[PDB]
Amino acid sequence: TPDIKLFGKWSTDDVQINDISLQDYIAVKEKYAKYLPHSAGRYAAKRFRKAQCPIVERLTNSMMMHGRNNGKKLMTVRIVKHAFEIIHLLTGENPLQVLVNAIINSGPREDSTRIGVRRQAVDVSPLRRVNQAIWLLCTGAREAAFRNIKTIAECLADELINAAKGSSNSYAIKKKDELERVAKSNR
Amino acid sequence: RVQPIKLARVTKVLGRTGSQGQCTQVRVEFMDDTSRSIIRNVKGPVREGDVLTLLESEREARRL
Amino acid sequence: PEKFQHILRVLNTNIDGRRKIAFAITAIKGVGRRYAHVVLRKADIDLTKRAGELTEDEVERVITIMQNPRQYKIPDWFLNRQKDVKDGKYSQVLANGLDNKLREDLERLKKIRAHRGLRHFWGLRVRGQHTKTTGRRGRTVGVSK
Amino acid sequence: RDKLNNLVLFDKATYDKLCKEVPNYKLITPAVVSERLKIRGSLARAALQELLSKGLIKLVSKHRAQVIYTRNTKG
RNA sequence: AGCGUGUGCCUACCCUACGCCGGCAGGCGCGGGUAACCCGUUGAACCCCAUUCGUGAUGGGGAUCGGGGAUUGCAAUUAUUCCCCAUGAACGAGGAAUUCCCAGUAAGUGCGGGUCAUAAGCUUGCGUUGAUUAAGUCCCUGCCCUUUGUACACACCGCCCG
RNA sequence: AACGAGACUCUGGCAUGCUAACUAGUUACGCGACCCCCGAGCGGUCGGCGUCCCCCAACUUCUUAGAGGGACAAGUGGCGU
């Protein structure tokens, strides 16, 4: 009985992580299943402690950002809640699979460091791949809503659905495919 | 013309490099033939036993 | 719908018949958000309808209430002309009448050459403000000789 | 620089389309109705409440900032 | 919520419950407090739930300016401060440059103290909501120690040649 | 051998252990009073709600603030002329 927790409405057991480099850094299932994407936990206190935070709470933290929105976490939990309800109507699929596949597609795997207009290509670590993916798809949702009748709950659903299939209509896929093109010229 | 993706496992961290200390320098051991090893430079935070994705296996780099 | 007329002319000014009735009539000078709500409340009009949905006798009921507030029991403390200096009356002044009422006030101050009338004439700030660093509308001047 | 020109009341060419399009959409919301029919958000809010009392659509969720509706329990 | 203040010792003023009159600012009456005792269970703001608007310089923004009413004071015009109806600017995330910051922190949000007859867009304290990124380097600007060179000691913002 | 550093002083986080409170509270009842029947069951002994009110009841968990306690790189595994 208490070993299965449905996050209000959505099951975790049927979720799959299909890139073996990220299985250690995308926290889902087992001890990482909770009822709500809100805790008061001290995740900032040591270097790798960040990797133990549930991925739906990391999306919720990164969304309360742009100046006029600092500290407003209760508003930001309902944006994620209403985005997952729209994703289930459009796809028919589990919303946690759509989020996991959007993160696996959006993180860049080569990039070029700066040395003097002059750059050199380098590898990207799995913790920086998951950090980059969240920031890109939050930015994509935030830029589209700024002068449209579309709510941010509808724009965050559109951005996650397009990223989970790699369509290049999303902001995150265009920016990933720009970073890897520039680095390929700096070998 | 084209070449495939390779996966490799971190076996040691060697130090930090670049003008501002920005890149870690690291030793990696491949996922197919476990007898092979090379050295690489990595942009983010890295820990022993991480798995990297390499877009080319044949390039190798020393101190930038 | 009825495909009824969606632009209308009320007091020598044009109203868009497309906004909510309480925000359409504020296109008249002398009629703000606060006064427009109270006029429609005395006129017995439902605030939910668009301004093109009023009948011909409903607009004449609103116009005849705007021009005579004190006979429909709109209070004295609501009005934009109080004890008018030359004849002692209380009223609301609207449209091109508000332009002339300000035009008479600035000339009345200038004719006796009081300090207000001179500041309005020289084009300077009339109320208590400083003038060293704000309100600049000329051109940058160079130090060279 | 550009302008939209959204309608404040229906006409039969768009009102018959409102009643014909009901089965096509998995997600029904005031904003998607607004941009697709060229309708203001306050007319889109009013039109979706009529279809609910006619029994033609299902309410999925309601909150101050977001309503959600869907197709009538098949497809 | 938390930190505080309160009848001024020459010097003449304090913090306020409750009832009544007024749309409001405000007015009259009558009680408590020299304070873990009275204002006071200090019913704070953002936040939370429901409604209306619909991508329009718009119900965003509120500068500028007309008319009327209270309160301080010996005196308010070059508008002390406060209240009401009206008027409705620039501004659609900012060129070359450049500041501060590593956890209950940054940022958001309101409340006390000082100055005070009248009065914070300042400053000095308090609580409340609460992240992203780092766990490193000497590249840029600087500091400490040692070896080294010098025509400097007014000490490189030095000295000096045709 | 001397000063600076550090120690030192104030402050934050822990004590159901101590001292003890009508200018601070809790629990409980001799009980007393208003309201509801929603409750095994009645309009009740018994239930629910209280900054409604006495105690010449018991007490110190929550508030105040005095004395002491506690943390040392002390324990276990690596690395170090």
# chains A, B, ... in the order shown; residues from 1 in each chain; ligands from 1

$ residues_around --residues "residue 66 (chain A)" --least-positions-apart "5" --cutoff "10 Å" --atoms "only C-alpha atoms (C1' of nucleotides)" --output "list in words"
residues 139 and 142 of chain A; 107 of chain E

$ write_last_selection --atoms "N, CA, C and O atoms (P, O5', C5', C4', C3', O3' and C1' of nucleotides)" --output "PDB file, in the first residue's frame"
ATOM      1  N   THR A 139      12.994  28.427 -20.550  1.00  0.00           N
ATOM      2  CA  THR A 139      13.156  29.620 -21.391  1.00  0.00           C
ATOM      3  C   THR A 139      12.240  29.586 -22.610  1.00  0.00           C
ATOM      4  O   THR A 139      11.592  30.580 -22.912  1.00  0.00           O
ATOM      5  N   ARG A 142       8.656  30.405 -21.455  1.00  0.00           N
ATOM      6  CA  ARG A 142       8.610  31.798 -20.983  1.00  0.00           C
ATOM      7  C   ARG A 142       8.590  32.838 -22.103  1.00  0.00           C
ATOM      8  O   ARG A 142       7.891  33.837 -21.986  1.00  0.00           O
TER       9      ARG A 142
ATOM     10  P     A E 107      19.424  41.884  -3.516  1.00  0.00           P
ATOM     11  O5'   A E 107      18.033  41.477  -4.193  1.00  0.00           O
ATOM     12  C5'   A E 107      17.830  41.487  -5.589  1.00  0.00           C
ATOM     13  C4'   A E 107      16.528  40.760  -5.961  1.00  0.00           C
ATOM     14  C3'   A E 107      15.257  41.327  -5.339  1.00  0.00           C
ATOM     15  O3'   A E 107      14.713  42.437  -6.031  1.00  0.00           O
ATOM     16  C1'   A E 107      15.287  38.969  -5.108  1.00  0.00           C
TER      17        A E 107
END

$ interface_residues --of "chain E" --to "chain B" --cutoff "7 Å" --atoms "only C-alpha atoms (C1' of nucleotides)" --output "VMD selection string"
chain E and resid 136 to 137 139

$ write_last_selection --atoms "N, CA and C atoms (P, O5', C5', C4', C3', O3' and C1' of nucleotides)" --output "PDB file, in the first residue's frame"
ATOM      1  P     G E 136      37.111  21.817  -5.391  1.00  0.00           P
ATOM      2  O5'   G E 136      37.390  22.718  -6.686  1.00  0.00           O
ATOM      3  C5'   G E 136      38.364  23.746  -6.690  1.00  0.00           C
ATOM      4  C4'   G E 136      38.304  24.530  -8.002  1.00  0.00           C
ATOM      5  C3'   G E 136      39.507  25.446  -8.176  1.00  0.00           C
ATOM      6  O3'   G E 136      40.622  24.699  -8.647  1.00  0.00           O
ATOM      7  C1'   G E 136      37.445  26.518  -8.828  1.00  0.00           C
ATOM      8  P     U E 137      42.136  25.125  -8.344  1.00  0.00           P
ATOM      9  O5'   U E 137      42.379  26.312  -9.386  1.00  0.00           O
ATOM     10  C5'   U E 137      42.531  26.079 -10.775  1.00  0.00           C
ATOM     11  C4'   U E 137      42.485  27.416 -11.528  1.00  0.00           C
ATOM     12  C3'   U E 137      43.628  28.349 -11.145  1.00  0.00           C
ATOM     13  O3'   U E 137      44.807  28.019 -11.865  1.00  0.00           O
ATOM     14  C1'   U E 137      41.532  29.506 -11.178  1.00  0.00           C
ATOM     15  P     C E 139      48.318  33.691 -15.245  1.00  0.00           P
ATOM     16  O5'   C E 139      47.151  34.429 -16.047  1.00  0.00           O
ATOM     17  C5'   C E 139      47.081  34.406 -17.452  1.00  0.00           C
ATOM     18  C4'   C E 139      45.737  34.973 -17.923  1.00  0.00           C
ATOM     19  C3'   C E 139      45.445  36.393 -17.454  1.00  0.00           C
ATOM     20  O3'   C E 139      46.104  37.387 -18.230  1.00  0.00           O
ATOM     21  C1'   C E 139      43.478  34.999 -17.353  1.00  0.00           C
TER      22        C E 139
END

$ residues_around --residues "region 1-7 of chain B" --least-positions-apart "4" --cutoff "10 Å" --atoms "only C-alpha atoms (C1' of nucleotides)" --output "count of residues only"
14

$ interface_residues --of "chain E" --to "chain C" --cutoff "8 Å" --atoms "only C-alpha atoms (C1' of nucleotides)" --output "PyMOL selection string"
chain E and resi 59+66-68+78-79+84-86

$ write_last_selection --atoms "C-alpha atoms (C1' of nucleotides)" --output "PDB file, in the first residue's frame"
ATOM      1  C1'   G E  59      -9.750  48.367 -17.902  1.00  0.00           C
ATOM      2  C1'   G E  66      -8.337  72.921 -13.472  1.00  0.00           C
ATOM      3  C1'   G E  67     -12.075  73.397  -9.411  1.00  0.00           C
ATOM      4  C1'   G E  68     -13.711  72.394  -4.198  1.00  0.00           C
ATOM      5  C1'   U E  78       7.113  80.516  -5.026  1.00  0.00           C
ATOM      6  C1'   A E  79       1.313  75.424  -4.381  1.00  0.00           C
ATOM      7  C1'   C E  84     -12.656  64.376  -3.624  1.00  0.00           C
ATOM      8  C1'   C E  85     -14.319  64.842  -9.179  1.00  0.00           C
ATOM      9  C1'   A E  86     -11.726  65.803 -13.752  1.00  0.00           C
TER      10        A E  86
END

$ select_by_dssp --residues "region 14-57 of chain C" --states "alpha helix (DSSP H)" --output "list in words"
residues 21, 22, 23, 24, 33, 34, 35, 36, 37, 38, 39, 40, 41, 42, 56 and 57 of chain C

$ write_last_selection --atoms "C-alpha atoms" --output "short mmCIF file (atom, residue, chain, number, x, y, z; two decimals), in the first residue's frame"
data_model
loop_
_atom_site.label_atom_id
_atom_site.label_comp_id
_atom_site.auth_asym_id
_atom_site.auth_seq_id
_atom_site.Cartn_x
_atom_site.Cartn_y
_atom_site.Cartn_z
CA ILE C 21 -21.13 50.28 -21.96
CA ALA C 22 -19.42 51.62 -18.77
CA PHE C 23 -16.01 51.89 -20.64
CA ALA C 24 -17.42 53.20 -23.98
CA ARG C 33 -14.51 55.52 -14.84
CA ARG C 34 -16.00 56.58 -11.48
CA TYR C 35 -18.62 59.01 -12.95
CA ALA C 36 -19.61 56.72 -15.89
CA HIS C 37 -20.57 53.87 -13.46
CA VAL C 38 -22.81 56.18 -11.32
CA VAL C 39 -24.62 57.67 -14.40
CA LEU C 40 -25.54 54.17 -15.73
CA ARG C 41 -26.67 53.13 -12.17
CA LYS C 42 -29.14 56.11 -12.03
CA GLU C 56 -32.40 54.84 -29.29
CA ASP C 57 -34.39 55.84 -26.14
#

$ closest_residue --among "A:40, A:82, A:76, A:34" --to "residue 60 (chain A)" --atoms "only C-alpha atoms"
A:76

$ closest_residue --among "A:57, A:111, A:3, A:143" --to "chain B" --atoms "only C-alpha atoms"
A:111

$ residues_around --residues "region 25-36 of chain F" --least-positions-apart "2" --cutoff "9 Å" --atoms "only C-alpha atoms (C1' of nucleotides)" --output "PDB file with C-alpha atoms (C1' of nucleotides), in the first residue's frame"
ATOM      1  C1'   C F  38     -24.634  15.698  13.191  1.00  0.00           C
ATOM      2  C1'   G F  48     -19.536  18.455  19.400  1.00  0.00           C
ATOM      3  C1'   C F  49     -18.086  24.049  19.588  1.00  0.00           C
ATOM      4  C1'   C F  52     -18.451  32.069  27.815  1.00  0.00           C
ATOM      5  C1'   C F  53     -17.355  32.440  33.611  1.00  0.00           C
ATOM      6  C1'   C F  54     -15.715  31.147  38.959  1.00  0.00           C
ATOM      7  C1'   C F  55     -11.681  27.507  41.663  1.00  0.00           C
ATOM      8  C1'   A F  57      -8.028  22.026  41.837  1.00  0.00           C
ATOM      9  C1'   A F  58      -3.441  20.054  40.054  1.00  0.00           C
ATOM     10  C1'   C F  59       0.819  21.388  37.317  1.00  0.00           C
ATOM     11  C1'   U F  60       5.137  23.712  34.324  1.00  0.00           C
ATOM     12  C1'   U F  61       4.764  20.719  27.957  1.00  0.00           C
ATOM     13  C1'   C F  62       3.814  25.746  25.352  1.00  0.00           C
ATOM     14  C1'   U F  63       5.911  31.913  27.578  1.00  0.00           C
TER      15        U F  63
END

$ closest_atom_pairs --of "chain A" --to "chain E" --cutoff "8 Å" --atoms "only C-alpha atoms (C1' of nucleotides)" --output "tab-separated table"
residue	atom	partner	partner_atom	distance
A:44	CA	E:103	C1'	7.1
A:45	CA	E:103	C1'	7.8
A:46	CA	E:135	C1'	7.7
A:47	CA	E:135	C1'	6.1
A:61	CA	E:131	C1'	6.0
A:62	CA	E:132	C1'	6.3
A:64	CA	E:131	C1'	7.1
A:65	CA	E:131	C1'	7.1
A:67	CA	E:107	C1'	7.0
A:68	CA	E:108	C1'	7.1
A:69	CA	E:108	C1'	7.4
A:70	CA	E:108	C1'	5.7
A:71	CA	E:130	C1'	4.3
A:72	CA	E:129	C1'	6.6
A:73	CA	E:130	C1'	7.8
A:147	CA	E:55	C1'	6.1
A:148	CA	E:55	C1'	6.1
A:149	CA	E:55	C1'	6.8

$ write_last_selection --atoms "N, CA and C atoms" --output "short mmCIF file (atom, residue, chain, number, x, y, z; two decimals), in the first residue's frame"
data_model
loop_
_atom_site.label_atom_id
_atom_site.label_comp_id
_atom_site.auth_asym_id
_atom_site.auth_seq_id
_atom_site.Cartn_x
_atom_site.Cartn_y
_atom_site.Cartn_z
N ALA A 44 21.33 22.60 -1.28
CA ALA A 44 22.45 23.47 -1.67
C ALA A 44 23.76 23.26 -0.89
N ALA A 45 23.77 22.46 0.18
CA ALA A 45 24.84 22.45 1.17
C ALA A 45 26.14 21.69 0.79
N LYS A 46 26.11 20.82 -0.23
CA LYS A 46 27.28 20.09 -0.76
C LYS A 46 27.18 19.89 -2.27
N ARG A 47 28.31 19.65 -2.94
CA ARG A 47 28.47 19.74 -4.40
C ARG A 47 27.52 18.87 -5.22
N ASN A 61 11.32 24.67 -9.24
CA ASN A 61 12.26 25.70 -8.81
C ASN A 61 12.69 26.62 -9.97
N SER A 62 13.07 26.04 -11.11
CA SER A 62 13.58 26.80 -12.27
C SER A 62 12.52 27.66 -12.97
N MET A 64 10.06 29.62 -11.22
CA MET A 64 9.78 30.84 -10.42
C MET A 64 10.88 31.91 -10.55
N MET A 65 11.25 32.28 -11.78
CA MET A 65 12.52 32.96 -12.02
C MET A 65 12.44 34.46 -12.27
N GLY A 67 12.35 37.80 -12.17
CA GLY A 67 12.33 39.10 -11.50
C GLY A 67 11.05 39.35 -10.70
N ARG A 68 9.94 39.63 -11.39
CA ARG A 68 8.60 39.78 -10.81
C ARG A 68 8.02 38.49 -10.20
N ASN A 69 8.68 37.34 -10.38
CA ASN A 69 8.21 36.02 -9.94
C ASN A 69 9.08 35.37 -8.84
N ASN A 70 10.09 36.07 -8.30
CA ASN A 70 10.99 35.51 -7.30
C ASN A 70 10.25 35.12 -6.01
N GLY A 71 10.50 33.90 -5.51
CA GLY A 71 9.93 33.35 -4.28
C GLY A 71 8.51 32.78 -4.37
N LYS A 72 7.76 33.02 -5.46
CA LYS A 72 6.34 32.63 -5.61
C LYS A 72 6.14 31.15 -5.98
N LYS A 73 6.52 30.24 -5.09
CA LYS A 73 6.49 28.78 -5.34
C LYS A 73 5.08 28.16 -5.37
N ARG A 147 3.33 37.75 -25.21
CA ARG A 147 2.23 38.56 -25.80
C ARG A 147 1.26 37.72 -26.62
N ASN A 148 0.66 36.72 -25.99
CA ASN A 148 -0.36 35.88 -26.60
C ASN A 148 -1.47 35.59 -25.58
N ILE A 149 -2.68 35.30 -26.06
CA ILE A 149 -3.81 34.87 -25.21
C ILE A 149 -3.54 33.48 -24.57
#

$ select_by_dssp --residues "chain D" --states "strand (DSSP E)" --output "list in words"
residues 58, 59, 60, 61, 62, 63, 66, 67, 68, 69 and 70 of chain D

$ closest_atom_pairs --of "chain D" --to "chain E" --cutoff "7 Å" --atoms "only C-alpha atoms (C1' of nucleotides)" --output "JSON lines"
{"residue": "D:40", "atom": "CA", "partner": "E:54", "partner_atom": "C1'", "distance": 5.7}
{"residue": "D:41", "atom": "CA", "partner": "E:54", "partner_atom": "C1'", "distance": 5.1}
{"residue": "D:42", "atom": "CA", "partner": "E:54", "partner_atom": "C1'", "distance": 6.5}

$ write_last_selection --atoms "C-alpha atoms" --output "PDB file, in the first residue's frame"
ATOM      1  CA  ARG D  40     -12.274  37.581 -28.201  1.00  0.00           C
ATOM      2  CA  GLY D  41     -11.437  35.646 -24.985  1.00  0.00           C
ATOM      3  CA  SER D  42     -14.646  36.940 -23.264  1.00  0.00           C
TER       4      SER D  42
END

$ interface_residues --of "chain B" --to "chain A" --cutoff "6 Å" --atoms "only C-alpha atoms" --output "ChimeraX atom specification"
/B:41-44,51

$ atom_distance --atom1 "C1' of residue 83 (chain E)" --atom2 "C1' of residue 27 (chain E)"
15.0 Å

$ closest_atom_pairs --of "chain C" --to "chain D" --cutoff "9 Å" --atoms "only C-alpha atoms" --output "CSV"
residue,atom,partner,partner_atom,distance
C:1,CA,D:9,CA,6.4
C:3,CA,D:11,CA,8.7
C:18,CA,D:8,CA,7.0
C:19,CA,D:8,CA,8.7
C:50,CA,D:8,CA,8.7

$ write_last_selection --atoms "C-alpha atoms" --output "JSON list (two decimals), in the first residue's frame"
[["chain", "number", "residue", "atom", "x", "y", "z"],
["C", 1, "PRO", "CA", -26.48, 40.23, -32.63],
["C", 3, "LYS", "CA", -26.11, 43.32, -37.05],
["C", 18, "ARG", "CA", -17.81, 47.53, -29.30],
["C", 19, "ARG", "CA", -16.61, 48.04, -25.66],
["C", 50, "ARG", "CA", -21.83, 46.09, -25.29]]

$ atom_distance --atom1 "CA of residue 58 (chain B)" --atom2 "CA of residue 11 (chain B)"
18.6 Å

$ closest_atom_pairs --of "region 62-168 of chain A" --to "region 20-26 of chain D" --cutoff "12 Å" --atoms "only C-alpha atoms" --output "CSV"
residue,atom,partner,partner_atom,distance
A:86,CA,D:26,CA,9.6
A:87,CA,D:26,CA,10.7
A:88,CA,D:26,CA,10.0
A:89,CA,D:26,CA,6.2
A:90,CA,D:26,CA,6.2
A:91,CA,D:26,CA,9.3
A:92,CA,D:26,CA,9.8
